[PDB]
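Engineer: Protein chains in written order, with the deposited numbering: chain D, 7 to 207; chain C, 7 to 207; chain A, 3 to 332; chain B, 2 to 333. Just so it is clear, CB atoms sit at the ideal spot from N, CA and C, and this is done for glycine as well. After the structure tokens below, expect a handful of questions from me.
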Amino acid sequence: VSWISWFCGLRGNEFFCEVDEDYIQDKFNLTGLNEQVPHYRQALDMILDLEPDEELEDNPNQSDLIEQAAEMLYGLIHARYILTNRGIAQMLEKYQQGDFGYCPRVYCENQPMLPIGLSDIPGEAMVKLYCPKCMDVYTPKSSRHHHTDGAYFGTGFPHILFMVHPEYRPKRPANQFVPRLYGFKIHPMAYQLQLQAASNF
Amino acid sequence: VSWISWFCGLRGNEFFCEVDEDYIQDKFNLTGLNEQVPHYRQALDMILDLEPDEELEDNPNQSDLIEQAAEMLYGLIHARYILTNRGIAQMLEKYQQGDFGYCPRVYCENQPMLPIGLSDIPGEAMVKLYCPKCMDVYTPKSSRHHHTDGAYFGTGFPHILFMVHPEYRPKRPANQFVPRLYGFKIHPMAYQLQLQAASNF
Amino acid sequence: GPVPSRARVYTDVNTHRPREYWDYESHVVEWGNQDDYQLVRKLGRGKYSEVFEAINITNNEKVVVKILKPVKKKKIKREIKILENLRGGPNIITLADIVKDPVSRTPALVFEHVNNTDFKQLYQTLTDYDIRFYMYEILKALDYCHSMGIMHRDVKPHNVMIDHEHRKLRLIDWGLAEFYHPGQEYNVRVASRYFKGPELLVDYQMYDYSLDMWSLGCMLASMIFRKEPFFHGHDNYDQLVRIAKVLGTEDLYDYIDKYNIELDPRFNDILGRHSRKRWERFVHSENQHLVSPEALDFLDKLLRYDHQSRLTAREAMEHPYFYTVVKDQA
Amino acid sequence: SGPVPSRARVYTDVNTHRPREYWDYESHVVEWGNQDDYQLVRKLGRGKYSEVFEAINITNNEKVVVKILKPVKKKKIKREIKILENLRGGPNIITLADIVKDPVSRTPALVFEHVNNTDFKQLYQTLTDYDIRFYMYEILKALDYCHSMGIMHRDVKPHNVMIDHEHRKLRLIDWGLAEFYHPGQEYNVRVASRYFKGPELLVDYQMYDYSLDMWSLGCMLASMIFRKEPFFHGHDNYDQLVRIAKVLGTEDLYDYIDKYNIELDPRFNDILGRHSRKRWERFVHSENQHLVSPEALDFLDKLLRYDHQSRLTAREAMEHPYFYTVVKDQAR
Ligand SMILES: Nc1ncnc2c1ncn2[C@@H]1O[C@H](COP(=O)(O)OP(=O)(O)CP(=O)(O)O)[C@@H](O)[C@H]1O
Ligand SMILES: Nc1ncnc2c1ncn2[C@@H]1O[C@H](COP(=O)(O)OP(=O)(O)CP(=O)(O)O)[C@@H](O)[C@H]1O
Ligand SMILES: [Mg+2]
Ligand SMILES: [Mg+2]
Ligand SMILES: [Mg+2]
Ligand SMILES: [Mg+2]
Ligand SMILES: [Zn+2]
Ligand SMILES: [Zn+2]
Numbered sequence: 007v008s009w010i011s012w013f014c015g016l017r018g019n020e021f022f023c024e025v026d027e028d029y030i031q032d033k034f035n036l037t038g039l040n041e042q043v044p045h046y047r048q049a050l051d052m053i054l055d056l057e058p059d060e061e062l063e064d065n066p067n068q069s070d071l072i073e074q075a076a077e078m079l080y081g082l083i084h085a086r087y088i089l090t091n092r093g094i095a096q097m098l099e100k101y102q103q104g105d106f107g108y109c110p111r112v113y114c115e116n117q118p119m120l121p122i123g124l125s126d127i128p129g130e131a132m133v134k135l136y137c138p139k140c141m142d143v144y145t146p147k148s149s150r151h152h153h154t155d156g157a158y159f160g161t162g163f164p165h166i167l168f169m170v171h172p173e174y175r176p177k178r179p180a181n182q183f184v185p186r187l188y189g190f191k192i193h194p195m196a197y198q199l200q201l202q203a204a205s206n207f
Numbered sequence: 007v008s009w010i011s012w013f014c015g016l017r018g019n020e021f022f023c024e025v026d027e028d029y030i031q032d033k034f035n036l037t038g039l040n041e042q043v044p045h046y047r048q049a050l051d052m053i054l055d056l057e058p059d060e061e062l063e064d065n066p067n068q069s070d071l072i073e074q075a076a077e078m079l080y081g082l083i084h085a086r087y088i089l090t091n092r093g094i095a096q097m098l099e100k101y102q103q104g105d106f107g108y109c110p111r112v113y114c115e116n117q118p119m120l121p122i123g124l125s126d127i128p129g130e131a132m133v134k135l136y137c138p139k140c141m142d143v144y145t146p147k148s149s150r151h152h153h154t155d156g157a158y159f160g161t162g163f164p165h166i167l168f169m170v171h172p173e174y175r176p177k178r179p180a181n182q183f184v185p186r187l188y189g190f191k192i193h194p195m196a197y198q199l200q201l202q203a204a205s206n207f
Numbered sequence: 003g004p005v006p007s008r009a010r011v012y013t014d015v016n017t018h019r020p021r022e023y024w025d026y027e028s029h030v031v032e033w034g035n036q037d038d039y040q041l042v043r044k045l046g047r048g049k050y051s052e053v054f055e056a057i058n059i060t061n062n063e064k065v066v067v068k069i070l071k072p073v074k075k076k077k078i079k080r081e082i083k084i085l086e087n088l089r090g091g092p093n094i095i096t097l098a099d100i101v102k103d104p105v106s107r108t109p110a111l112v113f114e115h116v117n118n119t120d121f122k123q124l125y126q127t128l129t130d131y132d133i134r135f136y137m138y139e140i141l142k143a144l145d146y147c148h149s150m151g152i153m154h155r156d157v158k159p160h161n162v163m164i165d166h167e168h169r170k171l172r173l174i175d176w177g178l179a180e181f182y183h184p185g186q187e188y189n190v191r192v193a194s195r196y197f198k199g200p201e202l203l204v205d206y207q208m209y210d211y212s213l214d215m216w217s218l219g220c221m222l223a224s225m226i227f228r229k230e231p232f233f234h235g236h237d238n239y240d241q242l243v244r245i246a247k248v249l250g251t252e253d254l255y256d257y258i259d260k261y262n263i264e265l266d267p268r269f270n271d272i273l274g275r276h277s278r279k280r281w282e283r284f285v286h287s288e289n290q291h292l293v294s295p296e297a298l299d300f301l302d303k304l305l306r307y308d309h310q311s312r313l314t315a316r317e318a319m320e321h322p323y324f325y326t327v328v329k330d331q332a
Numbered sequence: 002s003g004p005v006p007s008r009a010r011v012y013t014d015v016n017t018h019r020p021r022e023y024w025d026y027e028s029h030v031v032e033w034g035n036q037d038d039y040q041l042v043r044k045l046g047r048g049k050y051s052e053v054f055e056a057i058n059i060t061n062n063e064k065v066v067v068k069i070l071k072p073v074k075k076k077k078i079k080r081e082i083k084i085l086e087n088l089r090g091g092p093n094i095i096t097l098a099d100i101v102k103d104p105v106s107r108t109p110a111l112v113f114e115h116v117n118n119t120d121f122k123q124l125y126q127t128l129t130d131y132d133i134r135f136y137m138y139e140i141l142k143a144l145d146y147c148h149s150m151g152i153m154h155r156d157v158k159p160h161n162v163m164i165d166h167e168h169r170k171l172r173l174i175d176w177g178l179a180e181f182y183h184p185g186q187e188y189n190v191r192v193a194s195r196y197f198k199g200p201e202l203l204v205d206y207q208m209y210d211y212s213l214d215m216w217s218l219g220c221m222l223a224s225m226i227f228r229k230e231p232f233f234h235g236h237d238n239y240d241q242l243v244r245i246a247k248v249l250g251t252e253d254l255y256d257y258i259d260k261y262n263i264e265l266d267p268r269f270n271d272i273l274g275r276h277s278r279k280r281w282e283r284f285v286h287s288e289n290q291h292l293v294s295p296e297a298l299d300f301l302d303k304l305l306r307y308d309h310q311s312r313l314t315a316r317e318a319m320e321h322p323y324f325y326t327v328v329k330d331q332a333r
């Protein structure tokens, strides 16, 4: 059992995809992350299936500041990885399976969504879900994914996916929700009057 | 333990509110339901905390066609009841607790929603959820409410609620989702080109 | 049993007219396109129906929508026939179209919109001439429906629309309205409690157009004496007592013995003995500018136990109280 | 004894007299403009170093091509940005409009003028003889400029020259591998496309000059007039030279090595073998016959040489019978 396959197989990490072998082995794609994640080589060698500190007291102690610092690294690497043609193809495959879920909106008709972060900065916002049909972001259904940084997915992943694959852009909704009270439509003035009444406390 | 308190206390029935005593006792509010629900008096007396058929009490050919036919009656009664000033006040109280859930949309910022049916006809659509901030309908988060008829809530319940209570209409969202790829916005032409490419299969 | 009573004016109107008039049950509805209406604001709602302010998207004008719930399949036919028979009449509300929900079959009435300066903050702003004016407008409408053989049976301030801006008055709510057949008995569970005629409180099923004239009297008294409501009761028993304490218990039993009315035993036990008080008793420093000798005389002829001895709508219009009004139509 | 030094014939001393605020791109600063003026529309392409998008500048509603540079090297970004500005306004040189950057990730992005490129994947098989002579003269018109400015391109390929046949427009792009030329100074041999790598890059000769681009131009010319893209189809940096040796002969190859005393890698002479120099008239068939002329072959023969010092310069190339019908058609 490897590290990458183990992590992505965990509960709450169904959004993650397994990063290819040579993408991490290629040090060209990992620059600028040295003073961005604590214990760089520790975070690197752990996810790269390498031996731990050979002589430094192997006793993990609280490796929560190391192992969960290795999770931080792989997360940021995953962000750069799902922008590449290989990474997109993997996400697009999970997209076909529906690993990310379906749109909550009724008139999107269970359109499968893509993972997305509101910010590319870690610890600022959690992972969200982007429906390509209604083109808006939503909060994940299950509480599992409510503890995953959105910076591990980026802000332009679903956007760049349809840039290289425009054929997957869903047809805009054929129907929409129309308010019906006793068979009557509702004039937009109604909502304007209610807002004015709401601004009176 | 009464019938109404038991049913509304069940799992998956958190949307329902307990109908008042005299509203069912008043035969003025139950007309037109005789040839609309099977076993009318059986469905009525059971939810009205009355004695059974007096004799052949053992489930009259599997009371799943009687007890779950009594559920059908109370459901339709609930639809007429939540349009009344008393019924609305009860739902509005549950609205303050958030028994119906919060809007999946990120930029609605967990705005509490109201229950709503897409159709007033039973067995045509399940119960949905109306966010008063984004004014659109959504599919319930949990799978519990995925087996509850929308006709038991009506199509104009949330609409008529803000008619009598315009002060509860939330201020329209201050923010919205803006697509950002590498710091750049996305021109609307991009989505148009993808749709044309999508219509080529 | 009780002694029969027939109307003095417009006694035989429905008993000669074509049956396609007083028979509302055999009437059919001209259901128009409903999609032409969109709700905007709730104006009110009650036991029988919900009322909305709507905008007819075809002409961009303001229209009031009254949504009738499936109460009685004959009551709906009653109000819809009367509204059409009185349609175009003086100060009568205008039934524009009759739409219905194709899904639930629940019909809805649409009317002309009257920017009603609500009487909750209007009846305390009216002058003497104003009260005389609008009262003459109601009579102008009441005399029409009575001439058409249609009782209103629900005359109240909450059912008369007033746009003071253009001096406009309209009489609405014709659900409790019913055609008058001489000799035929009706139901006594109609009209507001504060405006219930003495005949309704003693269970006298054979009333006529004069019922509305009592309700009109209660309105006049509530306006010129600044007391809304004037006969503030708590039930259908205390109501008559409230009236008996003003009109006296003397003329009450005279009204009963005249028609041999089978009075409910609970009344005479709690009625007691009350002397007939003067109308000049309810006059203080506030309502003094609204009270005139002609006003009291007109009111005195309006509020009577004997419905047969009450002023008719036309007779009421021919009164000194409406002298300054009629002469100002030159 | 090491390798023999080599200096450029034309524009030898240009950077060794110019102000240091020219060839020194490391001390250069960037004029970062407002980024919010650009919105992405369509992906035109992407590679190892950067992503390229088609965008619309919402301020003037014109079409702009955005090149998004990833944080590769903090000096490589400074190199392309200085060269683009130094060659800015030049003949057939792509125009650097603005230099924006993401304020969050500090990842810079270049924006250029938009050239409606009728892609050469379906264009090079539609060009006539005069067309090839015309656009080739346009590339020389640009290559002679950057060489005069002391700037090698080191990446001359059909995928880096934009052609709008509608208006007969040609622009030379991709100046990332471009570098200023200092006489005597050694450079890196892991540049340019494999099919367009000069012999000096394949034998590890770090002291090349502007003549590198002239070899790459020859490969383009050969691929166009003979209808073979690519012309020197190799599989690595070893088989590539072998592909060339099978055409230019092994005779002139070892002469090129012994002239500069190049320390040739042992694996070469083991697989090089012996190949005779084939004629350029050998690659002519019934398809490319209308593109091949005695002047074309003579021009190509002077372009593709082992000895970089003996290759035609950009100005010398323009003064060739192959470009006689072209120059004479500028009398307006
Ligand atoms: N033309 C009009 N212009 C403005 N408001 C109007 C209107 N016509 C009706 N309304 C509204 O109608 C409301 C009264 O409704 P309506 O009397 O028809 O209900 P209803 O008869 O079912 C209850 P109830 O019988 O107990 O009086 C008034 O409060 C008024 O605001
Ligand atoms: N001015 C322009 N008009 C239209 N397209 C342009 C353009 N400028 C650049 N392009 C697009 O740029 C793409 C090439 O991008 P660029 O050569 O800069 O990437 P790159 O240098 O990082 C990858 P490599 O170095 O391997 O060639 C071409 O496919 C072309 O479509
Ligand atoms: Mg009313
Ligand atoms: Mg009414
Ligand atoms: Mg390129
Ligand atoms: Mg390049
Ligand atoms: Zn959606
Ligand atoms: Zn919402």
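Kindly indicate if chain C contains any beta-carbon less than 8 Å away from that of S311 of chain A.
Structural biologist: By one-based count along the third sequence, residue 311 of chain A stands at place 309. For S311 of chain A, the answer is no, since every Cβ of chain C falls outside 8 Å of its Cβ.
Engineer: Going along the stretch 130–148 of chain C in order, which residues come within less than 7 Å of chain D, judged by CB to CB distance?
Structural biologist: Against chain D - using a Cβ distance shorter than 7 Å - the residues of the stretch 130–148 of chain C are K134, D142, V143, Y144, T145 and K147.
Engineer: The beta strand (DSSP E) that contains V66 of chain B, what's its start and end?
Structural biologist: Locating residue 66 of chain B in the fourth sequence gives position 65, where the first residue counts as 1. Residues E63 to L70.
Engineer: To the nearest angstrom, how far is it from the Cα of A76 of chain C to the Cα of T161 of chain C?
Structural biologist: The residue given as residue 76 of chain C occupies position 70 in the second sequence. The residue given as residue 161 of chain C occupies position 155 in the second sequence. Straight-line Cα distance between these residues: approximately 22 Å.
Engineer: Hey, is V170 of chain C's beta-carbon within less than 8 Å of any beta-carbon in chain D?
Structural biologist: Counting from 1 along the second sequence, the entry for residue 170 of chain C is found at position 164. Output row for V170 of chain C: interface = no.
Engineer: To which residues of the same chain is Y307 of chain B closer than 8 Å at the C-beta, ignoring the five residues directly before and after it?
Structural biologist: Position 306 of the fourth sequence, counted from the first residue, corresponds to residue 307 of chain B. Cβ within range, chain order: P200, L249, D253, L254, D256 and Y257.
Engineer: Can you tell me whether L203 of chain A is buried or exposed, with buried defined as 16 or more other CB within 10 angstroms of its CB?
Structural biologist: For the purposes of this step, residue 203 of chain A is taken as residue 201 along the third sequence, with counting starting at 1. Flag for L203 of chain A reads buried.
Engineer: Quick check: the Cα distance between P146 of chain D and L16 of chain C, rounded to an integer number of angstroms?
Structural biologist: Your numbering for residue 146 of chain D matches position 140 in the first sequence. Your numbering for residue 16 of chain C matches position 10 in the second sequence. About 26 Å.
Engineer: Per DSSP, what kind of secondary structure is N87 of chain A in: helix, strand or coil?
Structural biologist: Working through the third sequence from its first residue, we reach residue 87 of chain A at position 85. It is helical.
Engineer: Using only alpha-carbon positions, find the residue among A:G219, A:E264, A:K279 and A:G91 that is nearest to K247 of chain A.
Structural biologist: For this step, residue 247 of chain A is matched to residue 245 along the third sequence. Among A:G219, A:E264, A:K279 and A:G91, the Cα nearest to that of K247 of chain A belongs to A:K279.
Engineer: Look up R111 of chain C in the DSSP assignment and give the residues it is bridged to.
Structural biologist: On the second sequence, position 105 is the one that residue 111 of chain C refers to. For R111 of chain C, which the question treats as bridged, DSSP gives the partners D:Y144.
Engineer: Measure the beta-carbon distance from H148 of chain A to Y206 of chain A and round it to whole angstroms, keeping in mind my assumption that it falls under 8 Å.
Structural biologist: Reading the third sequence from its first residue, position 146 is the one you call residue 148 of chain A. Reading the third sequence from its first residue, position 204 is the one you call residue 206 of chain A. Wrong, their Cβ atoms sit about 19 Å apart, outside the cutoff.
Engineer: Unbroken alpha helix (DSSP H) runs of length 4 or more, entirely within the stretch 149–191 of chain B: which are they?
Structural biologist: If we require 4 residues or more, the stretch 149–191 of chain B turns out to have no alpha helix (DSSP H) run fully inside it.
Engineer: Just how far apart, CA to CA, sit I10 of chain C and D64 of chain C?
Structural biologist: By 1-based counting over the second sequence, the position of residue 10 of chain C is 4. By 1-based counting over the second sequence, the position of residue 64 of chain C is 58. Distance between the alpha carbons of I10 of chain C and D64 of chain C: 22 Å.
Engineer: Please find out if some non-hydrogen atom of ligand 7 comes closer than 7 Å to the beta-carbon of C114 of chain D.
Structural biologist: Against the first sequence, residue 114 of chain D aligns to sequence position 108. True, at least one ligand heavy atom lies under 7 Å from that Cβ.
Engineer: Whose CA, out of A:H291, A:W281, A:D214 and A:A193, lies closest to the CA of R316 of chain A?
Structural biologist: Numbered from 1 along the third sequence, position 314 holds the residue referred to as residue 316 of chain A. Cα-wise, what sits closest to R316 of chain A is A:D214.
Engineer: Taking the alpha-carbon positions, what's the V25 of chain C to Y26 of chain A distance?
Structural biologist: Mapped onto the second sequence, residue 25 of chain C falls at position 19. Mapped onto the third sequence, residue 26 of chain A falls at position 24. Approximately 36 Å, taken between the alpha carbons.
Engineer: Please name the residue in B:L304, B:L173, B:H168 and B:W281 whose C-alpha comes closest to that of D156 of chain B.
Structural biologist: Along the fourth sequence, one-based indexing puts residue 156 of chain B at 155. Out of B:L304, B:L173, B:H168 and B:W281, B:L173 has the C-alpha closest to the C-alpha of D156 of chain B.
Engineer: Taking the straight line between their C-alpha atoms, what separation do you get for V243 of chain B and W216 of chain B?
Structural biologist: In the fourth sequence, residue 243 of chain B corresponds to position 242, counting from 1. In the fourth sequence, residue 216 of chain B corresponds to position 215, counting from 1. Distance between the alpha carbons of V243 of chain B and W216 of chain B is about 16 Å.
Engineer: Which residue spans inside the stretch 188–265 of chain A form an unbroken alpha helix (DSSP H) run of at least 4?
Structural biologist: Counting only runs of 4 or more, we get 200–203, 212–226, 240–249 and 252–261.
Engineer: Quick check on the burial criterion: 16 or more other C-beta atoms within 10 angstroms. Buried or exposed for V184 of chain D?
Structural biologist: Walking along the first sequence from the start, residue 184 of chain D turns up at place 178. Exposed, since its Cβ has fewer than 16 Cβ neighbours within 10 Å.
Engineer: Any heavy atom of ligand 4 closer than 7 Å to the Cβ of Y50 of chain A?
Structural biologist: Indexing the third sequence from 1 puts residue 50 of chain A at position 48. Flag set: Cβ of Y50 of chain A near ligand 4.
Engineer: What's the gap between the Cα of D259 of chain B and the Cα of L171 of chain B?
Structural biologist: Position 258 of the fourth sequence, counted from the start, is the residue given in the question as residue 259 of chain B. Position 170 of the fourth sequence, counted from the start, is the residue given in the question as residue 171 of chain B. Straight-line Cα distance between these residues: approximately 40 Å.
Engineer: Give me the residue from B:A9, B:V5, B:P4 and B:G3 with the minimum Cα distance to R312 of chain B.
Structural biologist: On the fourth sequence, position 311 is the one that residue 312 of chain B refers to. Of the candidates B:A9, B:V5, B:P4 and B:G3, the one whose C-alpha sits nearest the C-alpha of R312 of chain B is B:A9.
Engineer: Since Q40 of chain B sits in a beta bridge, which residues does DSSP pair it with?
Structural biologist: For the purposes of this step, residue 40 of chain B is taken as residue 39 along the fourth sequence, with counting starting at 1. According to DSSP, which records beta bridges pairwise, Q40 of chain B is partnered with C:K191 and B:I57.
Engineer: Looking at the secondary structure, which residues open and close the beta strand (DSSP E) in which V133 of chain C lies?
Structural biologist: Against the second sequence, residue 133 of chain C aligns to sequence position 127. Taken as a continuous stretch (DSSP letters only), the beta strand (DSSP E) holding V133 of chain C covers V133 to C137.
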